[PDB]
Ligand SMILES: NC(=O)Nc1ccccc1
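Only one chain is shown below, in structure tokens, and it's the form deposited without 1-phenylurea (PHU).
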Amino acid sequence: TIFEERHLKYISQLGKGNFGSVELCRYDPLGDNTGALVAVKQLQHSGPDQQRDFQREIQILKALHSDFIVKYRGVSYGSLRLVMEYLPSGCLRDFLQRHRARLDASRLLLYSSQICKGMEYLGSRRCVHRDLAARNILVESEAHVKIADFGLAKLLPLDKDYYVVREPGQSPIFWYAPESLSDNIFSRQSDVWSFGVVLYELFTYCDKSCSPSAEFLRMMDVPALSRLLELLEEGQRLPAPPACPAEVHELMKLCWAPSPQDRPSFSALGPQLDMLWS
């Protein structure tokens, strides 16, 4: 659970995100290149708010125990770094693009069921992910996906089922629920809206030409956020992906219900995805 700074050997950059970076390191106490590979997150540059938010992320991940959530390994102190298991297949978005001629509808349904099971578990922990997208899902194997990146995650108080953010988000706007776009309201029901966008991503194999951004922009002087909110309020939605099974498209539409209270729960979605055959 405690990793010594001097034994973590830098190998390469895995990613850069919101005020932080994830690096591939080898935890090599023998110094002979035989140690295990780990994914290590740290804050890129100082900030008091970012530091509090980083400690929050570590506290959230440390207490999550699911086959469908990236495993917390430990921390290194200077909390300097968050140590996690390394998944060499990487993000689901790039994985789907490379293996599209190999993965069938059954396989996409299996991934959908696994993400929905991880999300049902997050909900049971009163955790709001706030950044669910195929780029934030990791691939353990050909038949196993895991939710990652809890950098924007929040724990709901026992007496409040949503939360309000002071400043508007910094993520691509095409995954946000209408209530998040209009009032900065986030809940487990806005994670359900984002999951509908994840299902769309899976069934387009994350093809850039019909991505949520390429397609919403194509359907779209007025600000882009306000224009997307206008489209959504009118009842306009992303179209059924090419060759998408009708039942899968119908589920995406339920996730995209205008009112958060009308969206299905992750517990109700789960058996439905499993019935379609995971």
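Throughout, rigid core stands for the largest set of C-alpha atoms superposing within 1.5 Å between the two forms. Don't overthink the numbering: it's just position in the shown sequence, from 1.
Q: On a core superposition, give the stretch, 235 to 243 or 49 to 57, with the larger average C-alpha separation from this form in 4 other deposited structures of this protein (RMS over structures and residues).
A: More C-alpha displacement in 4 other deposited structures of this protein shows up in 49 to 57.
Q: Return whichever of 109 to 117 or 69 to 77 has the larger RMS Cα deviation from the displayed form in 4 other deposited structures of this protein, where every structure is aligned on the rigid core.
A: Of the two stretches, the larger average C-alpha offset in 4 other deposited structures of this protein falls on 69 to 77.
Q) Among the other entries that model both neighbours of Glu167, does it go unmodelled in a third or more? A) Yes, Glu167 lacks coordinates in at least a third of the other compared entries.
Q: Determine if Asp221 is unmodelled in a third or more of the other PDB entries compared for this protein.
A: Yes, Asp221 lacks coordinates in at least a third of the other compared entries.
Q.
I'd like the number of residues from the deposited sequence that lie between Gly78 and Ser79 yet are not in the model, binned as none, 1 to 3, 4 to 9, or 10 or more.
A. Per the record, 4 to 9 deposited residues are absent between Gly78 and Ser79.
Q) Relative to the deposited sequence, how many residues with no modelled coordinates occur between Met220 and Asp221 (none, 1 to 3, 4 to 9, 10 or more)? A) In the record, 4 to 9 residues between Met220 and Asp221 lack coordinates.
Q: Look up the CA B-factors in the entry and say which stretch, 40 to 48 or 24 to 32, has the higher mean.
A: Averaging CA B-factors over each stretch, the winner is 40 to 48.
Q) Hey, which bit's got the bigger mean C-alpha B factor in the entry, 172 to 180 or 158 to 166? A) Per the PDB record, 158 to 166.
Q) What's the residue among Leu199, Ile147, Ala101, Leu87 with the greatest CA temperature factor in the PDB record? A) Among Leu199, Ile147, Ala101, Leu87, the PDB entry lists the largest C-alpha B-factor for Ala101.
Q) Which listed residue, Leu238, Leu229, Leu61, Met252, has the largest C-alpha temperature factor in the record? A) Highest C-alpha B-factor among the listed residues goes to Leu229.
(Q) Using the temperature factors of the C-alpha atoms in this entry, rank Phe216 within its chain: lowest, middle or highest third. (A) According to the entry, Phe216 has a C-alpha B-factor in the chain's middle third.
(Q) By the recorded C-alpha temperature factor, relative to the other modelled residues in its chain, which third is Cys210 in? (A) Ranked within chain, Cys210 CA B lands in the middle tercile.
Just so you know, the form solved in complex with 1-phenylurea (PHU) exists too; it's not on screen, but the next bit is about it.
Q: Name the stretch: of 45 to 53, 240 to 248, 28 to 36, 226 to 234, exactly one has residues whose heavy atoms fall within 4.5 Å of 1-phenylurea (PHU) in the entry with it bound.
A: Result of the contact check: 226 to 234.
Q. Looking at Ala153, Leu108, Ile185, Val197, which is the one with a non-hydrogen atom within 4.5 Å of 1-phenylurea (PHU) in the entry with it bound?
A. Filtering the options by heavy-atom distance leaves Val197.
Q) So in the entry with it bound, are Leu64, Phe68 and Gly118 all sitting within 4.5 Å of 1-phenylurea (PHU), heavy atoms only? A) No, the candidate spot makes no contact with 1-phenylurea (PHU).
Q | Interface membership of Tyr205, 1-phenylurea (PHU) in the entry with it bound, 4.5 Å heavy atom rule | A | Contact check for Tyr205: no, nothing within 4.5 Å of 1-phenylurea (PHU) in the entry with it bound.
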